[PDB]
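**Student:** Provided hereafter are the protein sequence and its experimental coordinates.
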Number of protein chains: 4
Amino acid sequence: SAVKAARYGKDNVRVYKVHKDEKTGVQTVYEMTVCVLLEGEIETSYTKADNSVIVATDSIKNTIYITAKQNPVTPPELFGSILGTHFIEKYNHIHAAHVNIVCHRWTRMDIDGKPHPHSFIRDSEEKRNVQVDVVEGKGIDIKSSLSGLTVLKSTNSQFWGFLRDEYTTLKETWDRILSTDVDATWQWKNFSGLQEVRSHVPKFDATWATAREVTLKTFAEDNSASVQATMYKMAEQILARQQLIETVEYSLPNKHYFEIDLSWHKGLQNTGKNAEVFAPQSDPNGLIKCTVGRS
Amino acid sequence: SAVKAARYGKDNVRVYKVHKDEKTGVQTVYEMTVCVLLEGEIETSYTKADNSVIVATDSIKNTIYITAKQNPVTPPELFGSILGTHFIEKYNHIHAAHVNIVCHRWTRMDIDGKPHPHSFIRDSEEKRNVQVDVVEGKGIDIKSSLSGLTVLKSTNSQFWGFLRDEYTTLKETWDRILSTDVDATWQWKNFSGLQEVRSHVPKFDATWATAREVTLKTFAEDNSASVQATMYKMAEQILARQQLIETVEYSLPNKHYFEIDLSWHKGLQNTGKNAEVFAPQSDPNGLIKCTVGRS
Amino acid sequence: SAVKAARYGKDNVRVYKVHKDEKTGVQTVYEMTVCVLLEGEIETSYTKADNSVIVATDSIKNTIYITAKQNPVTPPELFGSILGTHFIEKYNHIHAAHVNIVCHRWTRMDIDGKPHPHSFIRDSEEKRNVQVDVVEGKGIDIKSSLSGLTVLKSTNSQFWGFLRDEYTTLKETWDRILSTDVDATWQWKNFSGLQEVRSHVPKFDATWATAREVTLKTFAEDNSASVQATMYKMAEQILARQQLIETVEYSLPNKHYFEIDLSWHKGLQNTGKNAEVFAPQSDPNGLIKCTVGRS
Amino acid sequence: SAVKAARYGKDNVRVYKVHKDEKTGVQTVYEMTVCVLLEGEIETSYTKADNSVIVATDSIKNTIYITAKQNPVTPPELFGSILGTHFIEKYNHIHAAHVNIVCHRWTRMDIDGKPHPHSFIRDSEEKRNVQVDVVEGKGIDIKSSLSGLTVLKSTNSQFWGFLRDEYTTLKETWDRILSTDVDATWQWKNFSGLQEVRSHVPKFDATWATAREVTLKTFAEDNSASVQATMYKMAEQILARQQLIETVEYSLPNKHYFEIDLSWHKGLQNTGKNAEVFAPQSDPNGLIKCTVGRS
Ligand SMILES: O=c1[nH]c(=O)c2nn[nH]c2[nH]1
Ligand SMILES: O=c1[nH]c(=O)c2nn[nH]c2[nH]1
Ligand SMILES: O=c1[nH]c(=O)c2nn[nH]c2[nH]1
Ligand SMILES: O=c1[nH]c(=O)c2nn[nH]c2[nH]1
Ligand SMILES: [Ar]
Ligand SMILES: [Ar]
Ligand SMILES: [Ar]
Ligand SMILES: [Ar]
Ligand SMILES: [Ar]
Ligand SMILES: [Ar]
Ligand SMILES: [Ar]
Ligand SMILES: [Ar]
Ligand code: NA
Ligand code: NA
Ligand code: NA
Ligand code: NA
């Protein structure tokens, strides 16, 4: 036997950081969950009980906290790049660092219409994420994403003209509910190293803001022919607005809301134009995926 | 043997309802999860296989959908009262209906600064809940609550002057992080029946709004001596603002954020006044509970 | 305003303990999650920022670990009694300790048909639990439970002769699937203190084993008329087998498995006697509860 | 813009099937969760609102139930192959079917030492899984796995001789707890189509049984130098025992159990040789991955 592939490190490292402006009193908080997995000349740790090649996962955890102490943790694309670059530069035998960051929302509270200097609310479990792959000799590959953005529209969704055969029961509809959890990923041009990442820093927050705004506006305004057709419009708009993105990927559940026929009870009319009460379906769910690039 | 207590019915009934203003085009959505459990002269279903006394849980589910079709589903205090009253009035042998409703957030989207007529976002997993106990001859007992309201303040939290003995390691602090998930419950005066509930309908949304506003403002503005002292201030303010509430109950985790001593690494200073990077603790957690009434 | 009720302490305290027989080499592991909440003369911590009455939740956590070091952690009824008794005896102003323990399964591995001396498997997420309420002057109230015991029978379940009215669509059946997650609780006679608990120690493991055996055998062998009728048989048998139990409580979901009519496709027969493929329903679920005592 | 990649279908399809031997009365149950995603000439559904190319996700769901009715659902490698082959053969424009199956445990109950004919227990949340990729012109690629197999050993785990630098605090140890959740995957030789899969059917259950037995025996018996060294031994043994497997992959968390120094309290000794009470750590966790092939 032989090792064909190997990576190891520390997962689920919870990190908080505070910035304190001691001139204004304004405090800003950041909270994330970090995973760092390393690759390199480590096969002997598996094959020969050779722990000399192991940078302990416990040491990787310490390094995450130290790096957060020594650097801004925002945007997460930059933090992940600094952290990944540390491992491949520090250790001659480590050749790749794979950094995943989940950013948790701490939105400043408005109290009596004024932003509070040091109080925050988790406005929803929506995440901003990065996957930063730092590969010696191959630069820095960044995928940025938003996930767990849960939305619903009560009309201006349609689904008709689909294939109908002996497996088909689904009625065509010209007016349905559409609800999803948005998972949207934008894949950056390869960066040569930390300098090139730093040269583009403002684009990270700006492209995340664009991706979110385009997702919400397209969802709300598209008289949707399908999940497929609506998600493609989101992707093409995001590509049009940031030349440093190569691809946009959407992964969208179709979280079904079924009509309830109540006509068996006192002739109640609750279908078609009279549909008011629906049964949200926990499972199963449509799952629709696209990766869109430049033609 | 004998039945000392019995209740049964349907749990986890997911319900959606849409209101459509066909004059303005504005659509409004409501989504909840409903549980209805019945009590009454039902012991023989347990003791003698006597299913004649069982209103099938499947029929309870149908009744939830029918009631939602025939009535507004807001405020949940009213909906729960209508639903509970249905079972004790319809069935001579059913003497109590216990209705629990969890209300899910669907907040109207703002697109280009304008409220969208039919698109919504789940802004966080915060819930508004009711427990409505409709008991034949004993009226309607309502407990209203907000839950899963997750907040953090980065300073203006203290914890000192606690008991110190041979079991104590905790350092006193005059400046710490405080984070919790707010579970706040207000218990209404007993109502005689549906008419009395209906006579107070506006107070339900108003008292929920008060409970939330008081929670957020007190949390943000109290230079906290403890979770105990801060939560008591929230309760006393809510009681002062609604005479139809008898008690306010808070159940608050203390979601700890630990300092990380980094002085072992290049003399890094990350404690006390220099604390920037913290380790959020998933478990264990302080758990602090109060029920506050009028003196 | 005034404090009507108050309790506080530490939740979600994960504890592991190992016993090592250094004569046989056999090691035995225990893992639990502990919650301790205290009551007593603590209202001033809420009303006057008086932290002098607070035994810090951090100190409660330390005390859990110290108590586990100084005592066996099995059976959990005894451990919870020792832990609760510590707080009301140690602190003059603490008058109640409420101890909840969840016991996690670590079942010894059988390797090549021989029990391994120090390797364990989590055979399912089934829990053994206790709630121990130690109240100064009122002794020790223990509720023992098993929970998350997930079972299914593919036949010998029936449901007919239930109430049928204008809310009813459910077809009577003489042959259905029955599946549940068993939550069974047995409530002990009040104990005067730790000595009386210790005098009954063997009964705790024996009564848990009885409750589990009776649950499984009754579920498997009862040609069930309803969840109600089957659960009552379990309760009456457990009461018959342990005179120191006062009540037995079951809380059982009816985890529905729906027939799928496939007759629309090539006349496939998949209902009634021909039913082979079913759709497990995640929600909603029947929820059936009983408390059974001696007549 | 252009579609670079696209797949869609139905996720989270819960399926139950019963087999009834009407000669012996013995009933056997199967429960799974199925996902089917299709690829093919479907880009116009995204780009031009062309629903004619869409086999509705609802129809994919119907097809899963119909296929389960018409075929055995075991082993899952065969069921997934039949299901995937259906879509690429039935639809000229569908060129790939990606079938993921999670198999849920329903283990026959033993009542009074006799196997019960129709009663089952979920002995733990351990899963048996398949990923079956059926690609027109490229045959059938199967990855088999077991997941959520949670184990602990209380000794005969070591971790020393790892890299020590200015980022390192971890003490070397010659005796620690090792606990993990086993995720093990074996990747089959490419199969030309359904006939070749069928020709190997007995090997699926046999190789799953081998993978589980080798995992448990190696974990229990290896005086472990690291997670790396132990998992490699499992992989090399599984490869040695089934020539139709090309690779074995393990993904293992190191679920840490920390010593608790209690020497601050009455000089209690709970470290090193005296360590009895430990603090299970929910997060962070080491994460160790290998893919092993033939040299
Ligand atoms: O088995 C282990 N492998 C590692 O890579 C590691 N790092 N810290 N502890 C560890 N234990
Ligand atoms: O066993 C059952 N009990 C009930 O009360 C019920 N209601 N619907 N189905 C049911 N099954
Ligand atoms: O606010 C707090 N209340 C307490 O009771 C406590 N105990 N430890 N830390 C604490 N913080
Ligand atoms: O938007 C949709 N896309 C689909 O592919 C689909 N299939 N069923 N319903 C559907 N809705
Ligand atoms: Ar952070
Ligand atoms: Ar969409
Ligand atoms: Ar609703
Ligand atoms: Ar608070
Ligand atoms: Ar334990
Ligand atoms: Ar039952
Ligand atoms: Ar199945
Ligand atoms: Ar291992
Ligand atoms: Na390197
Ligand atoms: Na009645
Ligand atoms: Na006392
Ligand atoms: Na095809």
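**Tutor:** Everything's here; your move. Numbering: from 1, shown residues only, chains lettered A, B, ... in the order given. Ligands and ions are numbered 1, 2, ... in the order given.
**Student:** biggest strand in chain A by residues?
**Tutor:** Using DSSP state E, we find that the single longest strand of chain A is strand A:2-20.
**Student:** Distance from the chain centre to that strand, please.
**Tutor:** Offset of strand A:2-20 from its chain centre (CA atoms, centre = their mean, to the nearest Å): 17 Å.
**Student:** Repeat that for stretch A:227-246.
**Tutor:** 15 Å.
**Student:** Repeat that for stretch A:239-255.
**Tutor:** Stretch A:239-255 has its C-alpha centroid displaced from the chain centroid by 11 Å (CA atoms, centre = their mean).
**Student:** Tell me the buried residues in the top helix by length along chain A?
**Tutor:** Counting residues, the longest helix found in chain A (DSSP state H) is helix A:201-221. Neighbour-count burial for helix A:201-221, with 16 or more other CB atoms under 10 Å in any protein chain shown as criterion, is recorded at A:203-204, A:207-208, A:210-212, A:214-221. Bear in mind the C-beta positions are built from the backbone N, C-alpha and C, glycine included.
**Student:** what do you get for stretch A:233-241?
**Tutor:** Residues of stretch A:233-241 classed as buried under the neighbour-count rule (16+ other CB under 10 Å) are A:233, A:234, A:235, A:236, A:237, A:238, A:239.
**Student:** can I have the helix or strand hosting residue A:195 written out in CSV, keeping just the CAs?
**Tutor:** Under the criterion of DSSP states H and E, residue A:195 resides in helix A:194-199. Output of helix A:194-199 as CSV, limited to C-alpha atoms (Å, rounded to 0.1, in the frame of the first residue of the first chain):
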residue,chain,number,x,y,z
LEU,A,194,0.0,37.5,-0.3
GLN,A,195,1.1,40.8,-2.0
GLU,A,196,-1.4,40.3,-4.8
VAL,A,197,-4.2,39.4,-2.4
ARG,A,198,-3.4,42.5,-0.4
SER,A,199,-3.5,44.7,-3.6
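**Student:** Secondary structure class of residue A:238, three-state.
**Tutor:** When classified by DSSP: H, G, I helix; E, B strand; the rest coil, residue A:238 comes out as helix.
**Student:** Is it in contact with residue A:213, as I believe?
**Tutor:** No. Judged on CB atoms under 8 Å, residue A:238 makes no contact with residue A:213 at a distance of 9.6 Å.
**Student:** Was I right to think residue A:121 contacts residue B:153?
**Tutor:** No. Between residue A:121 and residue B:153 there is no contact under CB under 8 Å: 10.4 Å.
**Student:** Looking at the two now, which is surrounded by more residues?
**Tutor:** Legend: neighbour count by other CB atoms under 10 Å in any protein chain shown for residue A:121 and residue B:153, higher for residue B:153 (26 against 22).
**Student:** re the thing from before, tell me what the longest strand of chain A is packed against?
**Tutor:** For strand A:2-20, the contact count by 3 or more CB pairs under 8 Å, 6 or more residues apart in numbering or on different chains; DSSP states H and E identifies strand A:27-40, helix A:43-47, helix A:57-70, strand A:94-104, strand B:277-280, helix D:227-241, strand D:245-254, strand D:285-293 as packing neighbours.
**Student:** Residue A:191: what's it in contact with?
**Tutor:** A:81, A:139, A:140, A:141, A:142, A:197, A:200 (CB atoms under 8 Å, 6 or more residues apart in numbering or on different chains).
**Student:** number of nearby residues for the fifth one?
**Tutor:** Same thing as residue A:142. Considering only other CB under 10 Å, residue A:142 is surrounded by 27 other residues.
**Student:** Quickly note the distance from the residue nearest to it when sequence neighbours are not counted to ligand 1.
**Tutor:** In space, and not counting its chain neighbours, residue A:142 is closest to residue A:188: 4.3 Å by CB to CB, 6 or more residues apart in numbering or on different chains. Computed as CB to the nearest ligand atom, to the nearest Å, the residue A:188 to ligand 1 distance reads 30 Å.
**Student:** ok, now which ones touch residue A:188?
**Tutor:** By CB under 8 Å, 6+ apart, the neighbours of residue A:188 are A:77, A:141, A:142, A:143, A:144, A:244, A:245, A:246.
**Student:** For ligand 6, what is the nearest residue in the stretch 151-295 of chain A?
**Tutor:** residue A:230 (3.7 Å; CB to the nearest ligand atom).
**Student:** so that residue sits right up against residue A:222, yeah?
**Tutor:** Yes. The criterion here is CB under 8 Å, and residue A:230 meets it with residue A:222 at 4.7 Å.
**Student:** Look at the two and report which has more neighbours.
**Tutor:** The neighbour count for residue A:230 versus residue A:222, taken as other CB under 10 Å, is higher for residue A:230 (25 against 17).
**Student:** what's the helix or strand for the residue in chain A that ligand 3 sits nearest to?
**Tutor:** For chain A and ligand 3, the shortest gap (CB to the nearest ligand atom) falls at residue A:119, measuring 16.3 Å. Assigned by DSSP H and E, residue A:119 falls within strand A:114-121.
**Student:** Tell me the helices and strands packed up against that strand.
**Tutor:** Using 3+ CB pairs under 8 Å, 6+ apart as the contact test, the elements touching strand A:114-121 are strand A:27-40, strand A:107-111, strand B:139-153, helix B:201-221.
**Student:** quick one, what contacts the residue of chain A found nearest ligand 11?
**Tutor:** As assessed by CB to the nearest ligand atom, ligand 11 sits closest to residue A:284 within chain A, at 14.0 Å. Applying CB under 8 Å, 6+ apart, we find residue A:284 in contact with D:10, D:11, D:12, D:13, D:14, D:61.
**Student:** residues contacting the first one?
**Tutor:** Put plainly, it is residue D:10. Contacts of residue D:10 by CB under 8 Å, 6+ apart are A:284, A:285, A:286, A:287, D:34, D:35, D:36, D:57, D:58, D:60, D:61, D:64.
**Student:** is it in a bridge, and if so with what?
**Tutor:** When bridges are called by DSSP bridges, residue D:10 pairs up with residue A:286, residue D:36.
**Student:** ok so, going back, can you pick out the most distant pair from the buried residues of stretch A:233-241?
**Tutor:** Across these, no pair lies farther apart than A:233 and A:239, at 11.2 Å, counting by CB to CB.
**Student:** Excluding residues flanking it in the chain, which one is nearest the residue in chain A that ligand 9 sits nearest to?
**Tutor:** Among the residues of chain A, residue A:12 lies closest to ligand 9, at 22.8 Å counting by CB to the nearest ligand atom. The shortest distance from residue A:12 to any non-neighbouring residue, by CB to CB, 6+ apart, is to residue D:283 (3.9 Å).
**Student:** of the helices and strands packed on strand A:2-20, which approaches ligand 10 most closely?
**Tutor:** For the helices and strands packed on strand A:2-20, the distance to ligand 10 is smallest for strand D:245-254, at 35.9 Å, taking CB to the nearest ligand atom.
**Student:** Quick one: list the elements packing against the closest one.
**Tutor:** Against strand D:245-254 (3+ CB pairs under 8 Å, 6+ apart) you get strand A:2-20, strand D:178-188, helix D:227-241, strand D:285-293.
**Student:** Save these as CSV, and put in distance to ligand 5 too.
**Tutor:** Shown next, in CSV, are the helices and strands packed on strand D:245-254 (distance: least, CB to the nearest ligand atom, whole Å):
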stretch, distance to ligand 5
strand A:2-20, 4
strand D:178-188, 27
helix D:227-241, 28
strand D:285-293, 19
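**Student:** So residue A:155, which state does it fall into?
**Tutor:** Secondary structure for residue A:155, judged by three-state DSSP, is coil.
**Student:** For the spatially closest residue to it that is not a sequence neighbour, give its distance to ligand 1.
**Tutor:** Nearest residue to residue A:155, sequence neighbours excluded (CB to CB, 6+ apart): residue B:118, at 5.0 Å. When distance is defined by CB to the nearest ligand atom, residue B:118 is 53 Å away from ligand 1.
**Student:** quick one: contacts for residue B:118?
**Tutor:** A:153, A:154, A:155, A:156, B:25, B:26, B:27.
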